[PDB]
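Take a look at this one chain, the form deposited in one PDB entry, written out in structure tokens.
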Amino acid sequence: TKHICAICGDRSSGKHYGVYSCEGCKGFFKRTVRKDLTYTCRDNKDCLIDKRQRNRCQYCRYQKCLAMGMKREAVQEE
């Protein structure tokens, strides 16, 4: 591989919903959109996302997905 995840910095093989992303962030974004998940996420504090801490705050992760350009409309409701 040569691409990296725009969300968390993990290895990325391709683009998912408009953005270079890892299998993790692809799966996470899919589930969030499909289930209409809203995250309260205790203390968001610094919404820093990296491979080791991506699962710490779901709110911070989702917000980063949108900030980097992931498209809700690109998630097929199958």
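The term rigid core refers to the most C-alpha atoms you can superpose between the two forms while keeping them within 1.5 Å. In case it trips you up, residue 1 is the first one in the sequence shown, and so on. Shifts are known only where both forms have a C-alpha.
- Remark: stretch with higher mean C-alpha B factor among 40 to 48 and 27 to 35 is 40 to 48.
- When all modelled residues of the chain are sorted by CA temperature factor, residue 65 is found within the lowest third.
- In this PDB entry, residue 19 carries a Cα temperature factor that places it within the middle third of its chain's modelled residues.
Keep in mind the form deposited in another entry is missing from the figure; the text below concerns it.
- Core-superposed comparison between the shown form and the other one: the C-alpha position of residue 36 differs by less than 2 Å.
- Relative to the shown form, the Cα atoms of residue 55 and residue 44 move apart by 3 Å or more in the other form.
- In the other form, the separation between the C-alpha atoms of residue 45 and residue 38 shrinks by 3 Å or more relative to the displayed form.
- Shifted regions between the shown form and the other one (core-superposed; runs of 3+ residues, all CA displacements of 2 Å or more, residues common to both forms): 41 to 47, 71 to 75.
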